[PDB]
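**Student:** My questions will all concern the structure given below.
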Amino acid sequence: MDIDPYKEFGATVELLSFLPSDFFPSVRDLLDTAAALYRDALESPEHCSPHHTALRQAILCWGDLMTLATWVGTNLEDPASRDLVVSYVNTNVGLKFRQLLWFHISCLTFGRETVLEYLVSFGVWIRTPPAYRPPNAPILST
Amino acid sequence: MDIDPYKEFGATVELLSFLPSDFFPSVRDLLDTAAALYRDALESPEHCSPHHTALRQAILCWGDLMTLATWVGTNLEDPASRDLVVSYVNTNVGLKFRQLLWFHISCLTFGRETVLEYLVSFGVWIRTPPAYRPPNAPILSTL
Amino acid sequence: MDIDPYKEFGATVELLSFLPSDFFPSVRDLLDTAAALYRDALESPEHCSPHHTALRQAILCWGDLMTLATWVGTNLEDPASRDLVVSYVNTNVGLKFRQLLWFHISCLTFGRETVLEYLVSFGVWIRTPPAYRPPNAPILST
Amino acid sequence: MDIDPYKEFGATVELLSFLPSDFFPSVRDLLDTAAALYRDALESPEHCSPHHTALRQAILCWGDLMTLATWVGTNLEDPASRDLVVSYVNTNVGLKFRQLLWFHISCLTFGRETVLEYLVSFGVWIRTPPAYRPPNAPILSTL
Amino acid sequence: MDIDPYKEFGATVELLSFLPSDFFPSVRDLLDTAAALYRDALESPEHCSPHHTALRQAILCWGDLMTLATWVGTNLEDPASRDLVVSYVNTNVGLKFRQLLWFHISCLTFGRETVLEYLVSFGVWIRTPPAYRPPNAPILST
Amino acid sequence: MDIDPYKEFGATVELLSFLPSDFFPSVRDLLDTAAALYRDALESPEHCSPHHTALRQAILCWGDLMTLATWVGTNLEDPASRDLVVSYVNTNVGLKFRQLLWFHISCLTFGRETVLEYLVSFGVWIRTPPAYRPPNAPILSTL
């Protein structure tokens, strides 16, 4: 039972792996943006959209992960393990949660088609040599 | 934030708490029925239903957690802490995943209203003292 | 000014005294059920139903009682009184609040007529000798 | 839970707090006017009004509390603690029952909108400094 | 850029200076009244009225002032300054916030025209010698 | 109470927190543009708009705070505490007044929807890592 989280929204991991791992903003920033622009419709009793249902599950799961992190941080006596698993969550789980939260928050702000074309437009731009690419990097709009 | 995993589905965490932790089947037997009944809907390019999206995200997160578990298992250098956090993943995390998987699979199988009426009825029966509790517990069945 | 709490809902204390004092589930369980299935319509600014207005007053009053209990538990120096009144609230006030909360929560879940007939159906069953009664005890439904 | 005894009646606990604790008449004089004006509606098999149901439950609860009080009085074996908790029932519980009885009896007598406008007006008058406070306090009257 | 807060509501500082500085009830009482009769429509996402928008800003600003007061009360080592600025906020800023909150809360309860005439009716009464004025001081109504 | 200065204007404090404290211009340059563009609307006997009323109250409150500041300056007898609380007024209070003035002036100038879309876009750009952040930051302009 292997399932791409991005498959039902017309994306793929290979498409989000197209943008640099340094292009996705932090989990804190992404979570704060979700809290500022969409906290009410994320705590609503309705299936606002397929993009809303996914973001809710994602936030709850990152929460579970950080809870595990704190449990290791308090209930492990060993300082070696206590560091290792928390640094593993913060970075190795960090990227795939940064790509998930970025993608769904962007499809809410700018629309799915706008975010699926920015993934191909910005990706093909980063690959064009700088002497031949529009001087300014793409950004999301409207 | 204060989001409830069951709020969009007519339920809440405390409504599902009408069932004891012993009621819910194992994660492995929940994933075994997800693959047996809905592997072609889960692995498809369609948002069949909200339940389908939620269950997909849930399976992918259980996967991430178990991967953490295996990583701590093969990459940690202290047997005692390794063991102690793998206990966290299988038990202290397992109960809430066995309830989210249980709800989304049973809703796909019997329909949302049915599963919610079932929660309410099982609740009435478990609050009934055992000396007066009829020996047929409520059950979800296709009939 | 002597008033039966169950009189306006077609019941009587003699009718609720028909079911065993061990048949009513605990105050904690009843309060948790009210919180899980009806907390929103109990905190609403409307007279949802005559059954809703009564349950609200009941919860608030059990609250007052448990507050008195804690006041005895903290502000009485004497351990004898401090035990005695709290055990008196937990058991002697416990049953009549278990019957009240059970009755109104059941009339919300299953309907008043359904709960008034279950009180006569289950009562007459417990009195029939076991060799001649349907093998399975009644339960509330629909 | 966070239920307000006045929320279904267009009021709140802090709206009724516009009146000082000294304003409310005694529990015994509140029960004396409940029996004088509405013993046949309170003791009936009809839910005349939401106010009637609320007042019924209230009287039955004051009764339970006073029964506790008398029980602690005749069954406790320490005069000091007995006395000290009977003080709790008559004073520290009495104020909120003298305000719930006061509101439901005055609403039955003058109608809900009247009683609420009265709360607001008495509030305006009590916030007015005494040097400028007109000597006629607001009052509920049948006219 | 000098602006009367009362100018857009048909009042003036000279009109509110007409009633004694002892006639306005305390900030605590005024704030409690706002919390009891209008807390929901003051926390709403709509411009309920020009009188509502002003009261919100006023409450938030008195809050800022009392925050400054507590900052002096905790972060100043000197007990002389720590007393002086807090007593200055409580009394010298106290009156103009008591007049503001009174005025807007009254225009909500009794209507703007009712509160603008009570300011002239009560003011002219306090100035009439007691032998020739209606025996009872005016009060707001309806 | 829990009132938000931006809740009636389609915004919230955490939505405006998409912009860093360094972004907002000085209080004096905010008051200089308020007088340059809207001194005849602010000083008028009309409630032109909700924005106008809010900005009026805001300016009058900044005035009160600065007056406190000057009073502590000329009337306090300890240079150290005087200085230390004037720092409070100009810095620890200045940021939230430079954001309330900034929002109400920019809404008067460009219209509410524009300013809110701008907050969202600037947010997207600031969350973008600098290595991929296009050198044109978003800006409000009459065009």
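The way I read the labels, and the way they are meant: chains A, B, ... in the order of the structure tokens, residue 1 as the first residue of every chain, and ligand 1 as the first ligand shown, with later ones counted on from there.
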Give as number ranges by chain every residue of chain D that touches chain E within 10 Å, counting only C-alpha atoms.

**Tutor:** D: 11-18, 117, 120-121, 123-136

**Student:** Filtering to N, CA and C atoms, could you give me those residues as a short mmCIF file (atom, residue, chain, number, x, y, z; two decimals), in the first residue's frame?

**Tutor:**
data_model
loop_
_atom_site.label_atom_id
_atom_site.label_comp_id
_atom_site.auth_asym_id
_atom_site.auth_seq_id
_atom_site.Cartn_x
_atom_site.Cartn_y
_atom_site.Cartn_z
N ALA D 11 -29.42 36.83 29.09
CA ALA D 11 -28.53 37.38 30.10
C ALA D 11 -27.22 36.58 30.22
N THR D 12 -26.39 36.97 31.18
CA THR D 12 -25.16 36.28 31.59
C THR D 12 -24.88 36.57 33.06
N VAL D 13 -24.00 35.78 33.68
CA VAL D 13 -23.62 35.98 35.09
C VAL D 13 -23.06 37.38 35.35
N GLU D 14 -22.20 37.89 34.47
CA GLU D 14 -21.64 39.24 34.63
C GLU D 14 -22.64 40.36 34.32
N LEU D 15 -23.64 40.15 33.45
CA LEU D 15 -24.75 41.10 33.33
C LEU D 15 -25.56 41.20 34.64
N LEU D 16 -25.91 40.07 35.28
CA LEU D 16 -26.56 40.12 36.59
C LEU D 16 -25.65 40.67 37.70
N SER D 17 -24.34 40.63 37.52
CA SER D 17 -23.39 41.22 38.47
C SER D 17 -23.40 42.76 38.47
N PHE D 18 -24.30 43.38 37.71
CA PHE D 18 -24.51 44.85 37.72
C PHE D 18 -25.21 45.21 39.03
N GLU D 117 -33.80 45.03 30.85
CA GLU D 117 -33.69 46.51 30.78
C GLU D 117 -33.45 47.02 32.20
N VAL D 120 -29.90 46.62 33.23
CA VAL D 120 -29.07 47.68 32.57
C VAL D 120 -29.24 49.03 33.28
N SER D 121 -30.47 49.46 33.59
CA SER D 121 -30.79 50.78 34.21
C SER D 121 -30.25 50.88 35.62
N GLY D 123 -27.82 49.29 36.73
CA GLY D 123 -26.37 49.37 36.53
C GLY D 123 -25.97 50.80 36.29
N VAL D 124 -26.64 51.47 35.37
CA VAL D 124 -26.33 52.89 35.05
C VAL D 124 -26.42 53.68 36.34
N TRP D 125 -27.44 53.46 37.16
CA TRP D 125 -27.65 54.23 38.42
C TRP D 125 -26.58 53.94 39.47
N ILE D 126 -26.12 52.70 39.62
CA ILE D 126 -25.14 52.29 40.67
C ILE D 126 -23.76 52.79 40.25
N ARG D 127 -23.46 52.84 38.97
CA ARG D 127 -22.17 53.37 38.47
C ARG D 127 -22.19 54.90 38.64
N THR D 128 -23.37 55.53 38.58
CA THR D 128 -23.49 56.99 38.83
C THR D 128 -22.92 57.30 40.21
N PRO D 129 -22.02 58.28 40.43
CA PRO D 129 -21.57 58.53 41.79
C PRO D 129 -22.76 58.98 42.65
N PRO D 130 -22.81 58.65 43.95
CA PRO D 130 -23.91 58.95 44.88
C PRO D 130 -24.24 60.45 44.95
N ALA D 131 -23.24 61.33 44.89
CA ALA D 131 -23.43 62.80 44.94
C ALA D 131 -24.31 63.23 43.77
N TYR D 132 -24.41 62.43 42.70
CA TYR D 132 -25.18 62.79 41.48
C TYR D 132 -26.22 61.71 41.20
N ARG D 133 -26.29 60.70 42.05
CA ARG D 133 -27.21 59.58 41.95
C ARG D 133 -28.61 60.00 42.43
N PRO D 134 -29.65 60.02 41.57
CA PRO D 134 -30.98 60.45 42.00
C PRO D 134 -31.54 59.50 43.06
N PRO D 135 -32.23 59.98 44.11
CA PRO D 135 -32.59 59.16 45.28
C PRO D 135 -33.60 58.04 44.99
N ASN D 136 -34.34 58.13 43.88
CA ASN D 136 -35.15 57.03 43.38
C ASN D 136 -34.28 56.03 42.61
#

**Student:** Give the alpha helix (DSSP H) residues of chain B, as DSSP finds them on the backbone, and put them as a ChimeraX atom specification.

**Tutor:** /B:13-16,27-42,50-75,79-87,94-110,112-127

**Student:** Please identify all polymer residues within 7 Å of segment 53-60 of chain E, counting only C-alpha atoms, omitting same-chain residues fewer than 4 positions from it, and present them as a list in words.

**Tutor:**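 My reading of the contact set: residues 42, 47, 49, 64, 101 and 104 of chain E; 3, 5, 50, 53, 54 and 57 of chain F.
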
**Student:** Using only N, CA, C and O atoms, please write the residues we just selected to a file, as a PDB file, in the first residue's frame.

**Tutor:**
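Below you can see selection.pdb, which holds the result:
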ATOM      1  N   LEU E  42     -18.155  43.517  20.421  1.00  0.00           N
ATOM      2  CA  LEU E  42     -16.880  44.264  20.482  1.00  0.00           C
ATOM      3  C   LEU E  42     -15.765  43.334  20.010  1.00  0.00           C
ATOM      4  O   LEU E  42     -14.723  43.842  19.607  1.00  0.00           O
ATOM      5  N   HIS E  47     -17.833  46.124  11.491  1.00  0.00           N
ATOM      6  CA  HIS E  47     -17.899  47.513  11.989  1.00  0.00           C
ATOM      7  C   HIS E  47     -19.308  47.719  12.523  1.00  0.00           C
ATOM      8  O   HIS E  47     -20.090  48.400  11.838  1.00  0.00           O
ATOM      9  N   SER E  49     -20.840  49.628  14.461  1.00  0.00           N
ATOM     10  CA  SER E  49     -21.269  51.050  14.398  1.00  0.00           C
ATOM     11  C   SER E  49     -20.050  51.950  14.603  1.00  0.00           C
ATOM     12  O   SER E  49     -19.014  51.433  15.049  1.00  0.00           O
ATOM     13  N   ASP E  64      -3.033  49.144  26.894  1.00  0.00           N
ATOM     14  CA  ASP E  64      -1.617  49.519  26.674  1.00  0.00           C
ATOM     15  C   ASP E  64      -1.139  50.363  27.847  1.00  0.00           C
ATOM     16  O   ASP E  64      -0.025  50.110  28.341  1.00  0.00           O
ATOM     17  N   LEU E 101     -15.115  56.218  27.729  1.00  0.00           N
ATOM     18  CA  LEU E 101     -15.818  54.946  27.876  1.00  0.00           C
ATOM     19  C   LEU E 101     -17.275  55.181  28.277  1.00  0.00           C
ATOM     20  O   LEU E 101     -18.168  54.610  27.660  1.00  0.00           O
ATOM     21  N   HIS E 104     -19.287  56.492  24.996  1.00  0.00           N
ATOM     22  CA  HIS E 104     -19.578  55.496  23.935  1.00  0.00           C
ATOM     23  C   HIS E 104     -20.500  54.402  24.484  1.00  0.00           C
ATOM     24  O   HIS E 104     -21.445  54.074  23.775  1.00  0.00           O
TER      25      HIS E 104
ATOM     26  N   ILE F   3     -10.271  41.529  22.354  1.00  0.00           N
ATOM     27  CA  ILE F   3     -10.581  42.282  21.100  1.00  0.00           C
ATOM     28  C   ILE F   3      -9.306  42.437  20.273  1.00  0.00           C
ATOM     29  O   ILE F   3      -8.250  42.711  20.877  1.00  0.00           O
ATOM     30  N   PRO F   5      -7.381  44.618  17.259  1.00  0.00           N
ATOM     31  CA  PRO F   5      -7.501  45.918  16.592  1.00  0.00           C
ATOM     32  C   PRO F   5      -7.726  45.790  15.079  1.00  0.00           C
ATOM     33  O   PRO F   5      -8.155  46.764  14.487  1.00  0.00           O
ATOM     34  N   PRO F  50     -14.562  53.674   8.694  1.00  0.00           N
ATOM     35  CA  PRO F  50     -14.158  53.054   9.932  1.00  0.00           C
ATOM     36  C   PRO F  50     -12.665  53.308  10.106  1.00  0.00           C
ATOM     37  O   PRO F  50     -12.225  53.608  11.216  1.00  0.00           O
ATOM     38  N   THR F  53     -12.001  56.734  11.742  1.00  0.00           N
ATOM     39  CA  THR F  53     -12.295  56.729  13.197  1.00  0.00           C
ATOM     40  C   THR F  53     -11.163  56.024  13.939  1.00  0.00           C
ATOM     41  O   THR F  53     -10.622  56.595  14.938  1.00  0.00           O
ATOM     42  N   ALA F  54     -10.774  54.843  13.466  1.00  0.00           N
ATOM     43  CA  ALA F  54      -9.726  54.059  14.148  1.00  0.00           C
ATOM     44  C   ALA F  54      -8.454  54.895  14.205  1.00  0.00           C
ATOM     45  O   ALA F  54      -7.892  55.023  15.300  1.00  0.00           O
ATOM     46  N   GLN F  57      -8.600  57.760  16.765  1.00  0.00           N
ATOM     47  CA  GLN F  57      -8.435  57.291  18.163  1.00  0.00           C
ATOM     48  C   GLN F  57      -6.965  56.951  18.375  1.00  0.00           C
ATOM     49  O   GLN F  57      -6.412  57.353  19.417  1.00  0.00           O
TER      50      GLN F  57
END

**Student:** For the interface of segment 25-119 of chain C with segment 92-99 of chain D (cut-off 10 Å, counting only C-alpha atoms), please tabulate each contacting residue of segment 25-119 of chain C alongside its nearest pair of atoms and their separation in Å to one decimal, rows sorted by chain and increasing number, as a Markdown table.

**Tutor:**
| residue | atom | partner | partner_atom | distance |
| --- | --- | --- | --- | --- |
| C:64 | CA | D:93 | CA | 7.9 |
| C:65 | CA | D:93 | CA | 9.6 |
| C:67 | CA | D:93 | CA | 9.8 |
| C:68 | CA | D:93 | CA | 8.5 |
